[PDB]
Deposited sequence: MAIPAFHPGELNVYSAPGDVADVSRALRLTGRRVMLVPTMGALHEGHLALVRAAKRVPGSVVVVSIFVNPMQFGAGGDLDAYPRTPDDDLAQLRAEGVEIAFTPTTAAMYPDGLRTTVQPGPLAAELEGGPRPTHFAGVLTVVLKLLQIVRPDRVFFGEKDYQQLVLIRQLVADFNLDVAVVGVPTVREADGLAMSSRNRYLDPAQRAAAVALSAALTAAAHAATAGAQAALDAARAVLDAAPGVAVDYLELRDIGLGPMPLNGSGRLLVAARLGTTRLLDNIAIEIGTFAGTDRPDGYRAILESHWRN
């Protein structure tokens, strides 16, 4: 006997099997279930994911809130017109501890996998779990976390998952700083120098008419002009994060440490 669901209101479920039941019962009456996976502490970047999910005809929006090991977040979802939030406990998600998990391909070891070499296994495992619980038609991820998005596409292809993965463009502050809840930790100096990540990336995107080396040199010059910005990497790759082709579409990714804060950004790049 299917759990209670009230149209046009924010229905909150904590039990995987509840949200599973409602979702499956909703698809059968012709709603198209959209999944927005989040870790709570919602900002505009999350809201953009929600909005893209809402403009699918017949969409009902599922937003998970789960910290991979509050009333505010729900008021934001309530205010965005979201019908389902899925807010499970660590024990509901992992009732048997860390047992079977997803092992990512070699990409999970590069770039962000450098300092956090198990991070994406964690991410892929929970994403796979969420996809099985909710069974969405479409799943929404921000391009901010670009490597993560490429790995999730890989998970979906690799395990024959029958879901569309949708990548939503990065939401930025007025000066271009990619939104993140870490941005709140930057002191004034750091916050001003932080602009250089997106300025370098945009500078590169336009320098690219002159070829790849010009793009990289433009990005580097800009980063070089900022104080207190320790670049962990600055790399140009193809859109799937393999080696950059001689010309054609690419992606430029950067990561840096400002004090104790690690910021990331990336951007689409055409070569030529």
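A.B. asks: Note down, first to last, the deposited-sequence stretches for which the model contains no C-alpha atom.
C.D. replies: Missing from the model are residues 1, 71-85, 289-309.
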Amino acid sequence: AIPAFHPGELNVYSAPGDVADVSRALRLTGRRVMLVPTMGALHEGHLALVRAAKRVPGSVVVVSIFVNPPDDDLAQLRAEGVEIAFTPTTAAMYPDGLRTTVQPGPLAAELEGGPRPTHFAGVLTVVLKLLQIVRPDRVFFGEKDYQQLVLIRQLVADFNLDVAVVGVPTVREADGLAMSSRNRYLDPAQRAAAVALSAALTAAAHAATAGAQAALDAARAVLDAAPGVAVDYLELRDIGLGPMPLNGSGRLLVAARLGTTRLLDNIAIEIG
From here on, numbers count along this sequence of modelled residues.
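Under this definition, the rigid core comprises the largest set of C-alpha atoms superposing within 1.5 Å between the forms.
A.B. asks: To spell it out: superpose each other structure in 8 other deposited structures of this protein onto this one by the rigid core, compute Cα RMS over structures and residues for 140-148 and for 182-190. Which is larger?
C.D. replies: Most displaced of the pair in 8 other deposited structures of this protein: 182-190.
A.B. asks: Core-aligned, RMS over all structures and residues: is 245-253 or 12-20 the stretch with the greater C-alpha displacement in 8 other deposited structures of this protein?
C.D. replies: The more displaced stretch in 8 other deposited structures of this protein turns out to be 245-253.
A.B. asks: Mean C-alpha B factor from the entry: is it higher for 23-31 or for 208-216?
C.D. replies: Per the PDB entry, the higher value belongs to 23-31.
A.B. asks: Identify the stretch, either 167-175 or 152-160, whose C-alpha atoms have the larger mean B-factor according to the entry.
C.D. replies: Comparing 167-175 with 152-160, the higher average CA B-factor belongs to 167-175.
A.B. asks: From 199, 128, 139, 79, can you pick the one with the highest C-alpha B factor in the entry?
C.D. replies: Across 199, 128, 139, 79, the entry lists the biggest C-alpha B-factor for 79.
A.B. asks: Sorting the chain's modelled residues by C-alpha B-factor, tell me whether residue 267 ends up in the lowest, middle or highest third.
C.D. replies: Ranked within chain, residue 267 CA B lands in the lowest tercile.
A.B. asks: By its CA B factor, does residue 94 count among the lowest, middle or highest third of the modelled residues in the chain?
C.D. replies: CA B-factor rank for residue 94: highest third.
A.B. asks: Within this chain, which third does the Cα B-factor at residue 58 fall in: lowest, middle or highest?
C.D. replies: It falls in the middle third of the chain.
A.B. asks: According to the PDB entry, is the CA B factor of residue 10 in the bottom, middle or top third of its chain, that is, lowest, middle or highest?
C.D. replies: Its C-alpha B-factor belongs to the highest third of this chain's values.
A.B. asks: Ranking the modelled residues of this chain by C-alpha B-factor as given in the entry, is residue 238 in the lowest, middle or highest third?
C.D. replies: Its C-alpha B-factor belongs to the middle third of this chain's values.
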